[PDB]
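Accompanying notes for the structure given below.
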Amino acid sequence: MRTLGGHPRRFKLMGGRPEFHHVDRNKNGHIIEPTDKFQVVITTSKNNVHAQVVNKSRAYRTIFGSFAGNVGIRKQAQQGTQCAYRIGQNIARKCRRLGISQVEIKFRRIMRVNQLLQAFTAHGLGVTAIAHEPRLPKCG
Amino acid sequence: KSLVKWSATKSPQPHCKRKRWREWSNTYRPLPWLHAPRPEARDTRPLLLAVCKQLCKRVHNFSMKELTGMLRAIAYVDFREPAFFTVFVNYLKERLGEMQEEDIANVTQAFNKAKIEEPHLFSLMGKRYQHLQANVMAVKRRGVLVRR
Amino acid sequence: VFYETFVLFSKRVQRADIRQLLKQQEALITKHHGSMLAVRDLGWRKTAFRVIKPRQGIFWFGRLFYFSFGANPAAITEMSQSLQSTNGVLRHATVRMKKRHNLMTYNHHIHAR
Amino acid sequence: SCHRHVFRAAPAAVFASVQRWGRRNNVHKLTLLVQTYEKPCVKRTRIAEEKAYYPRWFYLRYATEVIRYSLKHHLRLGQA
RNA sequence: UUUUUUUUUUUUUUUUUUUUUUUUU
RNA sequence: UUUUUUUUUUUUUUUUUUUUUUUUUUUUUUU
RNA sequence: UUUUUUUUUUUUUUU
RNA sequence: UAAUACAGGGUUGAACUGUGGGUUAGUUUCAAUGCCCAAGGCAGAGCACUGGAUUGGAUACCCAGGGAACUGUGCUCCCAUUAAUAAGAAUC
RNA sequence: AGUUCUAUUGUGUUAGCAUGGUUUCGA
């Protein structure tokens with residue numbers, strides 16, 4: 001009982017600090033500037049799926065990310081279609097908190113890339129361009 | 001706009017981590033003839049405060065492209081007057097839609113240089129800049145590929 | 001028989017080095033009963049992608065050179081290995097001289113009509 | 001690698017174009033083959049079988065086009 | 001040493017030391 | 001475990017020839 | 001927590 | 001399987017030659033994989049082997065570890081034995 | 001059928017090079 005959609009390990013370390021406290025800042029002390037570009041790199045797999053945010057205005061520096069274990073989904077429930085959909089919602093909801101509107105989308109595979117795209121358009125996170133760079137082997 | 005350029009020299013100071021590494025920087029020549037008074041002349045006010053006083057009195061006559069340049073230049077002579085920059089916060093919020101892409105880049109530099117951290121205005125400016133940049137595609141090691 | 005070689009220099013290559021390089025090469029030619037044909041230059045060339053050569057750095061462009069010669073067929077291996085050891089030279093190739101297709105007798109009316 | 005820009009188009013419409021791009025280059029087929037090790041003997045027979053089925057599909061695809069084209073126009077050819 | 005993202009009164013301007021180490025706003 | 005970057009070592013069939021178009025030119029009675 | 005399975009375990013990381 | 005060196009085969013043009021041939025031991029080269037021996041190593045894989053599953057009563061199926069085997073001028077042809085199940089001439 | 005000459009070369013052998021899946025490193 002008492003289920004929570006988060007990471008139990010991180011919840012135990014809570015001490016009342018606000019959000020975005022451990023993230024490093026810049027010289028000016030601003031977490032993010034109005035002039036910036038983002039490109040989320042999504043990687044799919046059989047059981048789990050990861051999607052981290054990469055900032056192109058900071059020499060490709062990561063800001064935050066999420067996984068199946070950060071939404072309260074474990075065991076075989078991750079293989080279900082809801083696991084991908086829930087992860088996308090968290091990214092879209094968290095995007096509005098930082099103050100970003102337009103974020104690019106990048107992925108290597110096309111297997112679990114349908115639930116994430118649909119969830120982004122249901123909150124406000126739009127899509128400006130789609131990038132696909134499959135690193136297919138060039139040798140036997 | 002041109003005064004700041006004259007009083008600026010590009011140098012390559014040593015890096016913070018590795019002293020062998022170099023990073024290009026900017027150094028501005030100090031001015032010792034703009035802050036002092038002029039008791040001899042009738043106008044006892046200095047040359048710097050006089051420009052600011054007239055600018056705020058006739059802000060409406062200036063266009064958007066003509067406003068960010070003048071504000072960006074005042075902060076480049078070490079003008080630590082947060083009250084001066086706090087008058088334009090209400091004027092800019094009501095005219096955010098009429099702001100060009102160049103205007104965004106010419107206004108953030110001013111507040112940051114003077115150590116004026118404003119979250120209610122910087123949060124709104126982020127959306128405007130991204131919306132304008134919604135029609136330009138740029139890739140890595142190739143540049144801008146598709147524009148509009 | 002006749003042979004051709006295309007050498008791509010770097011930005012870090014002065015005129016001093018180019019003269020030295022060519023002089024060294026001529027030694028081998030003469031050794032094997034040969035003679036130089038002609039030396040020409042092609043100027044600078046833009047590179048499609050960045051070149052990452054170890055212990056050399058990263059470059060985006062270079063100076064393309066061309067020189068024709070003739071010697072024994074066994075001299076190709078000696079020449080090829082010498083270029084690789086020398087600095088400045090990031091990429092090179094040796095192409096045999098053909099009868100019709102060549103950079104000597106056939107250099108006009110390529111792109112036009 | 002493929003890159004597309006969204007301009008006055010819905011995300012769903014744009015996403016339908018990149019999906020078909022992989023089929024031409026067989027991106028999906030090559031991705032799965034490398035994941036698992038396939039014996040050389042199996043590839044010997046699989047490579048030959050694909051050279052007889054695919055050609056037949058092209059001929060049948062053209063036949064279906066004539067049926068749809070003629071259905072909307074009626075008429076019929078004969079030994080005239 | 002390597003350069004990442006932009007504009008057009010100019011060859012101009014910001015950033016800079018490896019990231020990420022939490023849901024509902 | 002994900003992302004990013006800048007030069008160590010082993011290995012070398014992904015792309016590139018084709019509607020099987022000679023009198024169709026060839027495979028074995030019957031069920 | 002990660003990986004893996006129809007499902008699960010072993011194994012690995014420790015502010 | 002881009003470049004270069006050595007030497008073969010196939011298609012077409014000229015010259016020369018003027019029946020040179022088919023099959024082939026008491027013969028001679030090459031010949032996948034496995035095994036003996038030898039050389040070896042610092043990648044990607046895995047037989048044997050106590051390393052986490054079985055059953056409606058027995059198991060190698062599904063993960064992970066794992067010191068044999070994987071480049072040879074050699075010893076050497078057991079097989080589902082390498083481009084159909086005839087090496088040649090005549091009738092299109 | 002065979003020899004010589006000429007055009008043609010993803011057929012045998014071949015040490016350095018370029019690119020790439022995996023792997024490896026973190027002033």
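Convention: chains lettered A, B, ... in structure tokens order; per-chain residue numbering from 1; ligands numbered from 1 as shown.
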#### Entry: Residues of chain D within 10 Å of chain F, only C-alpha atoms (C1' of nucleotides) counted, as a list in words
residues 25, 30, 51, 55, 56, 58 and 59 of chain D
### Message
Contacts from chain G to chain A, 10 Å maximum, only C-alpha atoms (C1' of nucleotides): show me the residue list as a VMD selection string.
### Response
chain G and resid 1 to 5 7 to 8 15
### Query
Please, which residues of chain D, numbered as in this document, come out strand (DSSP E) from DSSP, as a PyMOL selection string?
chain D and resi 2-5
### Task
Run DSSP on the backbone of this structure and report the residues of chain C it assigns to helix (DSSP H, G or I), as a list in words.
residues 15, 16, 17, 18, 19, 20, 21, 22, 23, 24, 25, 26, 27, 28, 29, 30, 31, 75, 76, 77, 78, 79, 80, 81, 82, 83, 84 and 85 of chain C
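For region 6-17 of chain H, the set of protein, DNA and RNA residues having any atom at most 8 Å away, when counting only C-alpha atoms (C1' of nucleotides) and skipping those fewer than 2 positions along the same chain, is residues 3, 11 and 12 of chain I.
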Counting only C-alpha atoms (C1' of nucleotides), which residues of chain E fall within 12 Å of chain C, and what is the closest atom pair for each with its distance in Å at one decimal, ordered by chain and rising number, as a Markdown table?
```
| residue | atom | partner | partner_atom | distance |
| --- | --- | --- | --- | --- |
| E:1 | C1' | C:57 | CA | 8.6 |
| E:2 | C1' | C:58 | CA | 8.3 |
| E:3 | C1' | C:58 | CA | 10.8 |
```
Export of prior selection with N, CA, C and O atoms (P, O5', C5', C4', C3', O3' and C1' of nucleotides) as a PDB file, in the first residue's frame:
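And here's selection03.pdb as it stands now:
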```
ATOM      1  P     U E   1      46.728  27.230 -29.103  1.00  0.00           P
ATOM      2  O5'   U E   1      46.058  25.772 -29.171  1.00  0.00           O
ATOM      3  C5'   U E   1      46.787  24.666 -29.668  1.00  0.00           C
ATOM      4  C4'   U E   1      46.030  23.360 -29.440  1.00  0.00           C
ATOM      5  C3'   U E   1      44.621  23.337 -30.022  1.00  0.00           C
ATOM      6  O3'   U E   1      44.587  23.035 -31.408  1.00  0.00           O
ATOM      7  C1'   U E   1      44.633  22.494 -27.808  1.00  0.00           C
ATOM      8  P     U E   2      43.517  23.752 -32.361  1.00  0.00           P
ATOM      9  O5'   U E   2      42.141  23.050 -31.933  1.00  0.00           O
ATOM     10  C5'   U E   2      41.889  21.688 -32.225  1.00  0.00           C
ATOM     11  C4'   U E   2      40.589  21.223 -31.572  1.00  0.00           C
ATOM     12  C3'   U E   2      39.357  22.034 -31.950  1.00  0.00           C
ATOM     13  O3'   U E   2      38.765  21.672 -33.181  1.00  0.00           O
ATOM     14  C1'   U E   2      39.442  21.689 -29.610  1.00  0.00           C
ATOM     15  P     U E   3      38.944  22.609 -34.467  1.00  0.00           P
ATOM     16  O5'   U E   3      38.112  23.909 -34.065  1.00  0.00           O
ATOM     17  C5'   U E   3      36.718  23.976 -34.153  1.00  0.00           C
ATOM     18  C4'   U E   3      36.057  23.762 -32.812  1.00  0.00           C
ATOM     19  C3'   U E   3      34.603  24.200 -32.737  1.00  0.00           C
ATOM     20  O3'   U E   3      33.677  23.302 -33.314  1.00  0.00           O
ATOM     21  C1'   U E   3      35.799  24.959 -30.872  1.00  0.00           C
TER      22        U E   3
END
```
### Task
Please identify every residue of chain C that has at least one atom no more than 7 Å from any atom of chain F, counting only C-alpha atoms (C1' of nucleotides), and report them as a PyMOL selection string.
chain C and resi 53-55
Selection export as a PDB file, in the first residue's frame, atoms kept: C-alpha atoms:
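part-v8.pdb, written as the output of this step:
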```pdb
ATOM      1  CA  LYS C  53      44.777  12.366 -37.953  1.00  0.00           C
ATOM      2  CA  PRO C  54      46.566  11.078 -34.824  1.00  0.00           C
ATOM      3  CA  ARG C  55      49.393  13.205 -33.424  1.00  0.00           C
TER       4      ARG C  55
END
```
### Message
With 8 Å as the limit and counting only C-alpha atoms (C1' of nucleotides), what residues in chain A lie close to chain E? Please list them as a ChimeraX atom specification.
### Response
/A:4-7,10-11,36-37,56-65,70-71,97
### 12 Å contacts from chain F to chain A using only C-alpha atoms (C1' of nucleotides), as a PyMOL selection string
chain F and resi 1-5+11-15
Go ahead and write the selection's residues with C-alpha atoms (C1' of nucleotides) as a PDB file, in the first residue's frame.
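Saved result, selection-v3.pdb, follows:
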```
ATOM      1  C1'   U F   1      22.761   1.780 -16.457  1.00  0.00           C
ATOM      2  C1'   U F   2      21.844   6.814 -20.264  1.00  0.00           C
ATOM      3  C1'   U F   3      24.204  11.046 -22.790  1.00  0.00           C
ATOM      4  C1'   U F   4      28.647  13.601 -24.545  1.00  0.00           C
ATOM      5  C1'   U F   5      34.062  13.982 -26.158  1.00  0.00           C
ATOM      6  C1'   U F  11      38.523  -8.015 -37.082  1.00  0.00           C
ATOM      7  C1'   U F  12      36.982  -6.957 -42.509  1.00  0.00           C
ATOM      8  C1'   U F  13      31.253  -9.071 -48.297  1.00  0.00           C
ATOM      9  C1'   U F  14      26.434  -3.184 -45.640  1.00  0.00           C
ATOM     10  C1'   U F  15      26.160  -0.281 -50.428  1.00  0.00           C
TER      11        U F  15
END
```
